[PDB]
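Just the one chain here, the form deposited without xanthine, laid out as structure tokens.
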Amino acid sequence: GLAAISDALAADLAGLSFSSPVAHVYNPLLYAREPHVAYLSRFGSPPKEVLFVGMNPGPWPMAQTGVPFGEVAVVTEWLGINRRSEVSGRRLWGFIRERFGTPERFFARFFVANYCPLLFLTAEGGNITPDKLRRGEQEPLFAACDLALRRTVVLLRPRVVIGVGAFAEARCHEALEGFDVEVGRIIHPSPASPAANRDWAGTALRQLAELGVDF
């Protein structure tokens, strides 16, 4: 199911090439495949009511866990799978754990996925979001990831698809255009935003309430 969709997406992404300012491209679907498959298999069983969609994997330590917004603590201790992104993961998964207690209570209705598996890095070793790639490179990538997302939605059958951040929500709108689904958004957990720092959990919970989602 989800594993097949991910494999096909990996095949489509392998075909793609990227130029400047991208120096290197890391694909966790390839180098972190078994913990990712562990995640998909243990927690991605259909159907879901709500699908959370992140835009990207964090730097290589986050990306290596095979879990979206993955922080090693939550992945190893809560899910039991063998700095901006550290705070983001801690906030998101800490909040999820706070509201649901066990993974089984959360994943019975919810799922968390990344829209784009690729991690793009410059010559300095800094990460570039796909939003910053020029359009000639963005179009094939976005086509591939949109197809993957559509397949994911067809499989999981969610009533609501929620982008984590504005970029993810925009991509969700574009990808799922035509589908009978509600696309909403929650504020991104990153400490880079002052608004998130006021109280991210409260803001997100309220946004979810506005979407009719009982978190």
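So that there is no doubt, residue numbering starts at 1 and follows the sequence shown.
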Problem - Residue range whose averaged C-alpha B-factor is higher in the record, 95-103 or 114-122 - result: 114-122
Problem - 47-55 or 177-185, whichever carries the higher mean Cα B-factor - result: 177-185
Exercise for the section: Compare the CA B factors listed in the entry for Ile81, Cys145, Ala108, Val72 and report the winner. Expected result: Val72
Completion exercise
On the chain's distribution of Cα B-factors, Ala38 falls within the third called lowest
Problem - Chain-wide C-alpha B factor ranking for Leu211, given as lowest, middle or highest third - result: highest
Practice task
Sort the modelled residues of this chain by their C-alpha B factor and say whether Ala204 lands in the lowest, middle or highest third.
Solution key: lowest
Practice task
Please rank the C-alpha B-factors of the chain's modelled residues and tell me whether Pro61 sits in the lowest, middle or highest third.
Solution key: highest
Completion exercise
In terms of its chain's C-alpha B-factors, the third that includes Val161 is the lowest
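Unshown form solved in complex with xanthine; subsequent notes refer to it.
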Problem - xanthine in the deposited complex: contacting segment from 131-139, 118-126, 84-92, 99-107, heavy atom within 4.5 Å - result: 84-92
Completion exercise
Among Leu51, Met62, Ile186, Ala148, just one has a heavy atom within 4.5 Å of xanthine in the deposited complex, namely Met62
Practice task
Would you please decide whether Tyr39 lies within 4.5 angstroms of xanthine in the deposited complex, comparing each non-hydrogen atom pair?
Solution key: no
Practice task
With heavy atoms only and a cut-off of 4.5 Å, decide whether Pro68 touches xanthine in the deposited complex.
Solution key: yes
Handout entry: Distance check, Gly58 to xanthine in the deposited complex, heavy atom within 4.5 Å
Key = yes
Exercise for the section: At a 4.5 angstroms cut-off on non-hydrogen atoms, which residues of 114-136 are near xanthine in the deposited complex? List them in order. Expected result: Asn114
